[PDB]
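One chain comes next, on its own, written out as structure tokens in the form deposited without S-adenosyl-L-homocysteine (SAH).
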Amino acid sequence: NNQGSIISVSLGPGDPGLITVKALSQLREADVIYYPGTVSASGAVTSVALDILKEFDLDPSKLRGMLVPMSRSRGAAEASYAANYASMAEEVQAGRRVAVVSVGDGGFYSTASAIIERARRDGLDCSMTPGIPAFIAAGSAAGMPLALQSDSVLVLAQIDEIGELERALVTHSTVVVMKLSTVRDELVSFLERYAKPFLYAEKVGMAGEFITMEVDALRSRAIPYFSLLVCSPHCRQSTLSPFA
């Protein structure tokens, strides 16, 4: 029926089997669940978060979409989440158990952190249940390690110019770049230039999963928001590598 007041519930990165035992139980006991999604020109919502929730046989009545276009004002998501907080607060006032869900982990580049600021300063009971980051899941779906003994790992997100990844590469073991859409027109020439093992992973664990280590397989590919890149020598270990 309920338990907490405001909970940031990580869904994991797309495969519903990769939610935690705890996150899943929190969802089933929540009174209301807010999820992010995007809308196209017509209606037609796209929401990876909702696609995941739909696998849990939850009461479709308790679900509250927070909807945006495709935008980059520190992700119009911040305003969208901000705008939605009032209702979440009133639900919490009504004595309800509110979940705000995140693809991957709620504390790792998630706008849910805006809800947990406000929740904590308005003195409400709030919590974070963590989830598997997308880059962790990508490494495992490719059958490779991301980090071994003495490695460093640098994680970047919303890369500005492709030159930012280029500079980082040499001073770091593995580099991970999230949200590749922001360099969708620069990715392929970067990859030809780099000429070193990489993992491209899109929609991992989800219906349209696509993972590749071949530049040719990306030449005429649309690079969407939910996609990431791993540049690392360890990519040689993957099942997707000729090196075995």
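Quick note: we count residues from 1 along the sequence shown, nothing fancier.
Engineer: Which is higher in the entry, the mean Cα B factor of 78 to 86 or that of 104 to 112?
Structural biologist: The stretch with the larger mean CA B-factor is 78 to 86.
Engineer: As stated in the PDB record, which stretch has the larger average Cα B-factor, 93 to 101 or 116 to 124?
Structural biologist: 116 to 124 has the higher mean C-alpha B-factor.
Engineer: Out of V176, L199, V32, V68, which shows the largest CA B-factor listed in the entry?
Structural biologist: The listed residue with the largest C-alpha B-factor is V68.
Engineer: Highest Cα B-factor in the deposition, which of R219, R64, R184, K203?
Structural biologist: In this record, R64 carries the highest C-alpha B-factor of the candidates.
Engineer: Among the modelled residues of its chain, does the C-alpha B-factor of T46 lie in the lowest, middle or highest third?
Structural biologist: Within its chain, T46 is a highest-third residue by C-alpha B-factor, going by the deposited values.
Engineer: Pull the Cα B-factor of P36 out of the PDB entry and bin it into the chain's lowest, middle or highest third.
Structural biologist: Middle third of the chain for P36's C-alpha B-factor.
Engineer: How does the C-alpha B factor of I162 compare with the rest of the chain: lowest, middle or highest third?
Structural biologist: Within its chain, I162 is a highest-third residue by C-alpha B-factor, going by the deposited values.
Engineer: Report the third (lowest, middle or highest) to which the CA temperature factor of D59 belongs, ranking only the modelled residues of the same chain.
Structural biologist: Ranked within chain, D59 CA B lands in the highest tercile.
Engineer: Ordered by C-alpha B-factor within the chain, which third holds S73? Give me lowest, middle or highest, please.
Structural biologist: Highest third of the chain for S73's C-alpha B-factor.
The same protein has a further form, the form solved in complex with S-adenosyl-L-homocysteine (SAH), not shown here; the description that follows concerns it.
Engineer: To test your reading of this chain, name the stretch in 129 to 137, 88 to 96, 115 to 123, 161 to 169 whose heavy atoms come within 4.5 Å of S-adenosyl-L-homocysteine (SAH) in the entry with it bound.
Structural biologist: It is 129 to 137 that comes within 4.5 Å of the partner.
Engineer: Can any non-hydrogen atom of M144 be found within 4.5 angstroms of S-adenosyl-L-homocysteine (SAH) in the entry with it bound?
Structural biologist: Result no; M144 lies far from S-adenosyl-L-homocysteine (SAH) in the entry with it bound.
Engineer: Is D31 close to S-adenosyl-L-homocysteine (SAH) in the entry with it bound, meaning a heavy atom pair under 4.5 Å apart or at it?
Structural biologist: Judged by the heavy-atom cut-off of 4.5 Å, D31 is well away from S-adenosyl-L-homocysteine (SAH) in the entry with it bound.
Engineer: Would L18 count as a contact of S-adenosyl-L-homocysteine (SAH) in the entry with it bound, using a 4.5 angstroms cut-off between non-hydrogen atoms?
Structural biologist: No, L18 stays farther than 4.5 Å from S-adenosyl-L-homocysteine (SAH) in the entry with it bound.
Engineer: Within a 4.5 Å heavy atom cut-off, is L199 in contact with S-adenosyl-L-homocysteine (SAH) in the entry with it bound?
Structural biologist: No.
Engineer: From first to last in sequence, which residues of 192 to 208 have any non-hydrogen atom within 4.5 angstroms of S-adenosyl-L-homocysteine (SAH) in the entry with it bound?
Structural biologist: Counting only heavy atoms within 4.5 Å of S-adenosyl-L-homocysteine (SAH) in the entry with it bound, the contacting residues of 192 to 208 are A201, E202, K203, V204, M206.
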